[PDB]
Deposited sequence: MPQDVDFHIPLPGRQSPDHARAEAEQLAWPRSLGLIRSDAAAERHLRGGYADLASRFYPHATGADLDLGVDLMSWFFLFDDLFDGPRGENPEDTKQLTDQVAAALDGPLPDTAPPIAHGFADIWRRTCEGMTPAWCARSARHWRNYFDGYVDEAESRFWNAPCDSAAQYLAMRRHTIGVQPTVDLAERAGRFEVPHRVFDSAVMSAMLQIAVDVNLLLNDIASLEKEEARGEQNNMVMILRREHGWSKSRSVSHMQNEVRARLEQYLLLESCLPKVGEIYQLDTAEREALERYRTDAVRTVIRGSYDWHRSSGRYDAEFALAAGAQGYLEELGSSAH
């Protein structure tokens, strides 16, 4: 991974305060659950996904990482084997994208709503709409996976449940910038984002050893290498991509920040954290 390792300089305060938010929302209810959470290194992961963020902006990234893993745990048992009970939970969470939740919504849904509320404030309406669609793709991916439990086939599903795109979206919010929306939709940026998704699920399946079960580990390492080389090839096209879409000066700087603080960080930060996390 020829990308520099980076960590937010406010990482120590973020890690020390990380429990206050999931506790106040009823996501962590026992001291043993709290310690199990601390052992995940989730604020550490957030500070490497979002090295450009400090303060409340970094706190939002920590809460998203905290929420991601508390949410995914709810599908390890029988619920994940049943698409009807999986969809019943996802529908209650995704409902936060469309309006206020009823007080009777489960705590994990109130937690997502508090993150989504903070995610959208101060972003353009079109950014929020697109980021909401990414979330729905993620929730629908859980329903599809539970249906399959009850390579190309695995990717088309794992590319949504891996949760990379909502992680990248938050880097924009945490950095208070938006990549030009017509460049987000560009074929070149779409290929860059797909590499970031694929490298994340490949690295995870190896650290979680699933693509291996589906020589195999060696072939997956070569695919990570091939895609990282193509990623750099695609980065070198961005100057000409910017000209094709007639980006002005502020738009070129937002594209540059998207490249370095959102796409590169989700690739590199995942690699560093997988090597020193307590989940593995």
Exercise. Pop the missing stretches of the deposited sequence into a list, counting residues from 1 and keeping sequence order.
Key: 1 to 8, 159 to 165, 225 to 234, 240 to 249, 316 to 337
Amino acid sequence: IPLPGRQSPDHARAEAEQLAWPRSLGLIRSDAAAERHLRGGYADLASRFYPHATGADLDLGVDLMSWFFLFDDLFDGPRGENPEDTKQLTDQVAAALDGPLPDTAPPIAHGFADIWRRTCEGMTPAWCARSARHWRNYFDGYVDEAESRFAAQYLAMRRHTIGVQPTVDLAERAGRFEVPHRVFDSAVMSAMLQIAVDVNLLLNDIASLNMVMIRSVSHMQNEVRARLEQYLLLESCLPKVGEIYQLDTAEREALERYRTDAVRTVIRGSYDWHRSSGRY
From here on, numbers count along this sequence of modelled residues.
Quiz item: Of the two stretches 197 to 205 and 132 to 140, which shows the higher Cα B-factor on average in the entry?
Solution: 197 to 205
Quiz prompt | Mean temperature factor over C-alpha atoms, higher-scoring stretch between 95 to 103 and 161 to 169 | solution = 95 to 103
Quiz item: If you compare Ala174, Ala126, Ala151, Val188, which has the highest Cα B-factor in the entry?
Solution: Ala151
Quiz item: Per the PDB entry, which option out of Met192, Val183, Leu155, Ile115 has the greatest Cα B factor?
Solution: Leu155
Self-check item: Record-listed C-alpha B factor of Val179: chain third
Solution: lowest
Practice problem: Ordered by C-alpha B-factor within the chain, which third holds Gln221? Give me lowest, middle or highest, please. | Solution: highest
Exercise. Using the B-factors in the PDB entry, rank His37's C-alpha atom against the chain and give the third, lowest, middle or highest.
Key: middle
Exercise. Could you look up the Cα B-factor of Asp248 in the entry and say which third of the chain it sits in: lowest, middle or highest?
Key: highest
Quiz item: Split the chain's modelled residues into thirds by Cα B-factor; is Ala20 in the lowest, middle or highest one?
Solution: middle
